[PDB]
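Visitor: First the structure, then my questions, so here it is.
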Number of protein chains: 2
Amino acid sequence: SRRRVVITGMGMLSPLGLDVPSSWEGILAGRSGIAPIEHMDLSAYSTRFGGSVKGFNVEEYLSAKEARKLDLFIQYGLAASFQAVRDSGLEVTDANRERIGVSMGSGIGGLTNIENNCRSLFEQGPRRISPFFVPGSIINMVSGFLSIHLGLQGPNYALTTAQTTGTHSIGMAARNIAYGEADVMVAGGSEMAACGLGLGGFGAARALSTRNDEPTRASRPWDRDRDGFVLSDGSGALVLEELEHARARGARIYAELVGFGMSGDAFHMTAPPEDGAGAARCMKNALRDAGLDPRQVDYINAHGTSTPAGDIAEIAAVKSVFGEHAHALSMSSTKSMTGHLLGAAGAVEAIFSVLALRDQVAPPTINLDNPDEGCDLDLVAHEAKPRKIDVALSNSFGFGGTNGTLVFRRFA
Amino acid sequence: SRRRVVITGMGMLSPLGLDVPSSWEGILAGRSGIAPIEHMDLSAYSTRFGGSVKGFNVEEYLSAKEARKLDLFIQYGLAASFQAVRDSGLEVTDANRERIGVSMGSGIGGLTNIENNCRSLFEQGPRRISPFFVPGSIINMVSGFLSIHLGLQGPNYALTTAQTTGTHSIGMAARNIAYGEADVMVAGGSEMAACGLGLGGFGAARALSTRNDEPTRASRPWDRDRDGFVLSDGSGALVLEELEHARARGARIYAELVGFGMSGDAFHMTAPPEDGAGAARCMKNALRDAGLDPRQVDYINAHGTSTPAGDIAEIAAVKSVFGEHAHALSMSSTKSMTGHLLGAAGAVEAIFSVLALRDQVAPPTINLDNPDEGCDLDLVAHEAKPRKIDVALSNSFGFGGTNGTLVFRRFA
Ligand SMILES: CC(=O)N1C[C@H](C)Oc2c(F)cccc21
Ligand SMILES: CC(=O)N1C[C@H](C)Oc2c(F)cccc21
């Protein structure tokens, strides 16, 4: 029968820091992690900035000879995963290794590596493709390499649900534990899509902000002057653990994962419906799953991408689900500061939602200078808001009409 | 307690055929789908052959306009999915659409689109990248497009576990139904990694057969002269359905899905442990999940990739799990005929496992001319074997050490 699931460990690389505390300090201070991209020449591109991980040292985690064969999305995913496992205090033994698994996802995975090998193929030939091309690039290898390094023999898989990946990964991992398929899961996501194909591809779709001359002000969810999302890199990982398992070993419990919702829009390959009907169905599924009155919700970490259609669909969904309570909860987009980490967005934002619960503070939506028509909720404009938070919701929506909602609450 | 899950619809593209019954006729006749790859200059490549889909007509499924937006692997995934839904007879309505979901996956995703867009980027610059590059290449777009086309509002997601993708997709969709998150799921996988990048990337690892002179004899699981796997393209999809839901509408039931197991080797990035310890744990987990004793298994559809280490690990795992029953079951690799469809392997092989139950026949392992040291099981060498089959397993053992096993049983 269905078991309870708590969060005992968290790990992060973000545009705001190389761990969780440094990232959360930036969040509460309203700091932007967005800047012109330094790692490649983008003069031919319509967008030349994003949220890079700054000063990442993979040799804090892995030998250079290994790191050299792994795409950055794997390196980031492993770094966050190692942080989360160390943060949990869990010791992997012969007695528990079959009961610990991993579900770390990505939207696009090792596009940098694939692009670089495609260049070798076209300019030189197939004789110059890296022997590590497949295991160093494909999405399931965060889960794979983490299991090899820590000895995890439980369920080993990866989700790829575009911008919903991190949320689905955590929710599905929580169901594994709930249903008895595992006692512990490391779950979240990682992304590094800032290569020519990624920036060029999102650029060709005209999905990105082109605020090149003022990158820190580009991501402005629900602001009338928003012009699309800001591409960002990094990783979030959480250690999810069955409650009695956590209690038995005296684990520090950050919060309880009480609800998970999924739904499909069945509307459009890339556009969200204006009424946010799929997002509403998803949140209602999650609140029913959590056994909650919707009035219990204190804080929503929105998807809040800074796209024209996405931001207004989320206001419409929150008003539909919460009615008059929509005006009492606080909702913010931390993508205002981090930008959009794509398949990692739901992972870092689950962590921010747990820290909102730990610290009793709603992170700000920076850059919300002029809220757009209908954007008249408490969106925590500009400055962090200390407040009572017993229940926090994290929402994600993605290409394919794919929706995910996580519901966290304080654990006594 | 848990609901029962049956198979009510199947769909396929393979190197043997453009649907299930054509592919299966090929399988029982011992026909190879392997041939030199056409319309590519593979001069510089060490492998020039594979399993292509022959004569695929996407306009049976999609408008020319929607087809131009989607990678081949997505086209193949949608063809299998549409076939499976038609085969099921299911009518989607306002009363059930929130209870019907999709989990169609891929191991490597859109390498053909990535190649073509790299060509544009490198030749002409980023402003020639296709506007539909990202949404037309990402792995969750089979689930995405299918949900939009058929109006499916249930759980919408995509797995990517390398060569285990199709097995995991089917198993996790079965869990969704068994635990009441959906009543119907479309599940499986699709792959198109011919392309220069697949043949080049697997070739760089020296993982492929290089038997260019005799492509149909290349894939020879457990044969002492095997020299690696054969890359193949296509798709498999099943309609999974809660039993009472199937009975109420008078569905034709092919078989029951009674067990699903997962494990991680936690061993190596691409090679299994010599004794297949992880594969043994996975099969034991799947049998425990079905409440079956190993003695009850009649037929195993092996992973059987034709890699020297993989094939011998499976023999050890099966001997380990089945003890004095290990010679009584029949185990065959249909990859001997189809080659290795990577993330679609487990999807087409689940279908072959269901059809073994329907038709009471073990498909052959073709090319098994000289079984290797210790390969002394009933590997159904050369010719199909009519036999009693009540319980059929399908195994996938993929990169990152990620394992899946499905257990099917006759339904009456
Ligand atoms: C875990 C793994 O696969 N390792 C770790 C091992 C210590 O070294 C490596 C290497 F040199 C090159 C590539 C990978 C690895
Ligand atoms: C030592 C080092 O730089 N770090 C930083 C990070 C906050 O935690 C770590 C970890 F959990 C596992 C391995 C390394 C590190």
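Note that each Cβ is placed from the backbone with ideal geometry, even for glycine, and that neighbours are counted across all protein chains shown. What is reported rests on the model, the rules as stated and the sources as named; no laboratory read-out is quoted.
Visitor: Please enumerate the residues belonging to region A:54-66 that are touching a helix residue (DSSP H, G or I) at 6+ places or on another chain (Cβ under 9 Å) and away from ligand 2 (no atom under 13 Å from the Cβ).
Guide: A:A64, A:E66
Visitor: Okay, next question. Quickly run through region A:136-173 and pick out the residues that are within 7 Å of chain B (Cβ to nearest Cβ) and surrounded by fewer than 24 Cβ atoms within 10 Å (Cβ to Cβ).
Guide: A:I148, A:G151 - these are the residues of region A:136-173 that are within 7 Å of chain B (Cβ to nearest Cβ) and surrounded by fewer than 24 Cβ atoms within 10 Å (Cβ to Cβ).
Visitor: On to the next question. Return the pairs, sorted by first residue and then second, in which the second residue is away from ligand 2 (no atom under 16 Å from the Cβ), the first residue lies in region A:1-24 and is more than 18 Å from A:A182 (Cβ to Cβ), the beta carbons are less than 6 Å apart, and the residues are 6+ apart or on different chains.
Guide: Filtered contacts from region A:1-24: A:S14/A:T338; A:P15/A:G33; A:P15/A:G51; A:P15/A:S232; A:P15/A:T338; A:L16/A:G33.
Matching residues to (1) more than 14 Å from chain B (Cβ to nearest Cβ); (2) away from ligand 2 (no atom under 15 Å from the Cβ); (3) not aliphatic (A, V, I, L, M):
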residue	(1), (2), (3)
A:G11	yes, no, yes
A:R48	no, yes, yes
A:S52	yes, yes, yes
A:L90	yes, no, no
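Visitor: What is the residue count in region A:101-119 for residues that are facing chain B (nearest Cβ under 9 Å) and buried (at least 17 other Cβ atoms within 10 Å of the Cβ)?
Guide: Initial filter on region A:101-119 (facing chain B (nearest Cβ under 9 Å)): A:101-102, A:105-109, A:111, A:114-115, A:117-119.
Within this subset, residues satisfying the condition of being buried (at least 17 other Cβ atoms within 10 Å of the Cβ) are A:101-102, A:105-109, A:111, A:114-115, A:117-118.
The total comes to 12.
Visitor: Which of the residues spanning region B:316-338 are within 12 Å of B:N395 (Cβ to Cβ) and part of a helix (DSSP H, G or I)?
Guide: Those that are within 12 Å of B:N395 (Cβ to Cβ) and part of a helix (DSSP H, G or I): B:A317, B:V318, B:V321, B:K335.
Visitor: State which residue pairs qualify: first residue surrounded by fewer than 16 Cβ atoms within 10 Å (Cβ to Cβ) and inside region B:29-42, second residue of a type in the set (D, E, K, R) and assigned to a loop (DSSP other than H, G, I, E, B) in any location, beta carbons under 6 Å apart, and separation of 6 or more residues or different chains.
Guide: Note: pairs meeting the criteria are B:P36/B:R48.
Visitor: For region B:204-222, which residues satisfy the criterion of being buried (at least 24 other Cβ atoms within 10 Å of the Cβ) and either outside any loop (DSSP other than H, G, I, E, B) or charged (D, E, K, R) (or both)?
Guide: Quick first cut of region B:204-222, residues buried (at least 24 other Cβ atoms within 10 Å of the Cβ) only: B:208-209, B:218-222.
Once the filter is applied, which keeps residues that are buried (at least 24 other Cβ atoms within 10 Å of the Cβ) and either outside any loop (DSSP other than H, G, I, E, B) or charged (D, E, K, R) (or both), region B:204-222 yields B:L208, B:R220.
Visitor: Got a number for residues in region A:51-92 being under 30 Å from A:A246 (Cα atoms) and more than 15 Å from ligand 1 (Cβ to nearest atom)?
Guide: 14
Visitor: With the structure loaded, tell me whether B:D376 is without any contact (Cβ under 8 Å) to a residue 60 or more places away in the chain, assigned by CATH to the domain that holds B:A277 and either surrounded by fewer than 19 Cβ atoms within 10 Å (Cβ to Cβ) or of a type in the set (G, A, S) (or both) or whether it fails that test. First the steps, then the outcome.
Guide: Working: without any contact (Cβ under 8 Å) to a residue 60 or more places away in the chain: yes; assigned by CATH to the domain that holds B:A277: yes; either surrounded by fewer than 19 Cβ atoms within 10 Å (Cβ to Cβ) or of a type in the set (G, A, S) (or both): yes.
Criteria met by B:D376.
Visitor: I need the full set of residues from region A:237-259 which are more than 17 Å from A:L357 (Cα to Cα) and in a strand (DSSP E or B), in order please. I'd like the intermediate steps shown before the answer.
Guide: Applying the first criterion (more than 17 Å from A:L357 (Cα to Cα)) to region A:237-259 yields A:237, A:241-251.
Passing the criteria: A:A237, A:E241, A:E242.
Visitor: Does A:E98 satisfy the condition of being part of a loop (DSSP other than H, G, I, E, B) and away from ligand 1 (no atom under 16 Å from the Cβ)?
Guide: On the way: part of a loop (DSSP other than H, G, I, E, B): no; away from ligand 1 (no atom under 16 Å from the Cβ): yes.
So A:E98 fails the test.
Visitor: OK, next. Whether any residue in region A:249-260 is more than 30 Å from A:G55 (Cβ to Cβ), touching a helix residue (DSSP H, G or I) at 6+ places or on another chain (Cβ under 7 Å), surrounded by 19 or more Cβ atoms within 10 Å (Cβ to Cβ) and within 11 Å of another protein chain (Cβ to nearest Cβ) is what I want to check.
Guide: yes
Visitor: The conditions are (1) facing chain A (nearest Cβ under 10 Å); (2) within 18 Å of B:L90 (Cβ to Cβ); (3) not in a loop (DSSP other than H, G, I, E, B), and B:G196 fails exactly one of them. Which is it?
Guide: (2)
Visitor: Something else: For region B:2-28, what are the residues that are in a helix (DSSP H, G or I) and surrounded by 22 or more Cβ atoms within 10 Å (Cβ to Cβ)? Explain how you work it out, then say what you get.
Guide: So in region B:2-28, the residues in a helix (DSSP H, G or I) come out as B:20-28.
Hits for region B:2-28 are B:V20, B:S23, B:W24, B:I27.
Visitor: Within region B:174-186, can you find the residues that are buried (at least 24 other Cβ atoms within 10 Å of the Cβ) and under 19 Å from A:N403 (Cβ atoms)?
Guide: Passing the criteria: B:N176, B:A182, B:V184, B:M185, B:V186.
Visitor: Could you grab me the full set of residues in region A:261-274 that are over 16 Å from A:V391 (Cβ atoms) and either of a type in the set (F, W, Y) or within 14 Å of another protein chain (Cβ to nearest Cβ) (or both)? Explain how you work it out, then say what you get.
Guide: Initial filter on region A:261-274 (over 16 Å from A:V391 (Cβ atoms)): A:262-274.
Result: A:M262, A:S263, A:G264, A:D265, A:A266, A:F267, A:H268, A:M269, A:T270, A:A271, A:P272, A:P273.
Visitor: Can you tell me which condition A:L342 does not meet? The list is (1) under 17 Å from the mean Cα position of the chain (by Cα); (2) under 18 Å from A:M283 (Cα atoms); (3) not small (G, A, S), and all the others hold.
Guide: Failed condition: (2).
Visitor: For the condition of a type in the set (G, A, S) and away from chain B (no Cβ under 14 Å), what is the one hit in A:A280, A:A286, A:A290? I'd like the intermediate steps shown before the answer.
Guide: Values: A:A280 fails: away from chain B (no Cβ under 14 Å); A:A286 fails: away from chain B (no Cβ under 14 Å).
Exactly one residue qualifies, and that residue is A:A290.
Visitor: Can A:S232 be described as surrounded by 22 or more Cβ atoms within 10 Å (Cβ to Cβ), away from chain B (no Cβ under 12 Å) and either under 20 Å from the mean Cα position of the chain (by Cα) or under 30 Å from A:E98 (Cα atoms) (or both)? Let's see the steps before the verdict.
Guide: On the way: surrounded by 22 or more Cβ atoms within 10 Å (Cβ to Cβ): yes; away from chain B (no Cβ under 12 Å): yes; either under 20 Å from the mean Cα position of the chain (by Cα) or under 30 Å from A:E98 (Cα atoms) (or both): yes.
Yes: the conditions hold for A:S232.
Visitor: Do we find that A:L90 is out of contact with any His (no Cβ under 9 Å at 6 or more places or on another chain), part of a loop (DSSP other than H, G, I, E, B) and within 19 Å of A:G151 (Cα to Cα) in this structure? Steps first, answer last, please.
Guide: On the way: out of contact with any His (no Cβ under 9 Å at 6 or more places or on another chain): yes; part of a loop (DSSP other than H, G, I, E, B): yes; within 19 Å of A:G151 (Cα to Cα): yes.
Taking the combined requirement at face value, the residue satisfies it.
Visitor: So which residues in region A:111-134 are assigned to a loop (DSSP other than H, G, I, E, B) and of a type outside the set (A, V, I, L, M), if there are any at all?
Guide: In the first step, residues of region A:111-134 are kept if they are assigned to a loop (DSSP other than H, G, I, E, B); the result is A:124-125, A:129-134.
Result: A:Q124, A:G125, A:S130, A:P131, A:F132, A:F133.
Visitor: Restricting the first residue to region A:67-79 and requiring it to be farther than 18 Å from A:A345 by Cβ and among the acidic types (D, E), which pairs with a second residue that is within 14 Å of ligand 1 (Cβ to nearest atom) and assigned to a helix (DSSP H, G or I) meet a Cβ separation below 9 Å and a spacing of at least six or different chains?
Guide: Between residues of region A:67-79 that are farther than 18 Å from A:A345 by Cβ and among the acidic types (D, E) and residues that are within 14 Å of ligand 1 (Cβ to nearest atom) and assigned to a helix (DSSP H, G or I), the close pairs are A:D71/A:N113; A:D71/A:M141.
Visitor: Among the listed residues A:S169, A:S137, A:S147, A:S143, which satisfies the condition of being in contact (Cβ under 8 Å) with a residue 40 or more places away in the chain, more than 19 Å from the chain's Cα centre (by Cα) and assigned to a helix (DSSP H, G or I)?
Guide: Numbers: A:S169 fails: more than 19 Å from the chain's Cα centre (by Cα); A:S137 fails: assigned to a helix (DSSP H, G or I); A:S143 fails: more than 19 Å from the chain's Cα centre (by Cα).
The match here is A:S147.
Visitor: If you check A:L72, A:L18, which single one turns out to be within 16 Å of ligand 2 (Cβ to nearest atom), under 21 Å from the mean Cα position of the chain (by Cα) and among the aliphatic types (A, V, I, L, M)? Steps first, answer last, please.
Guide: Numbers: A:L72 fails: within 16 Å of ligand 2 (Cβ to nearest atom).
Of the residues listed, the single one that is within 16 Å of ligand 2 (Cβ to nearest atom), under 21 Å from the mean Cα position of the chain (by Cα) and among the aliphatic types (A, V, I, L, M) is A:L18.
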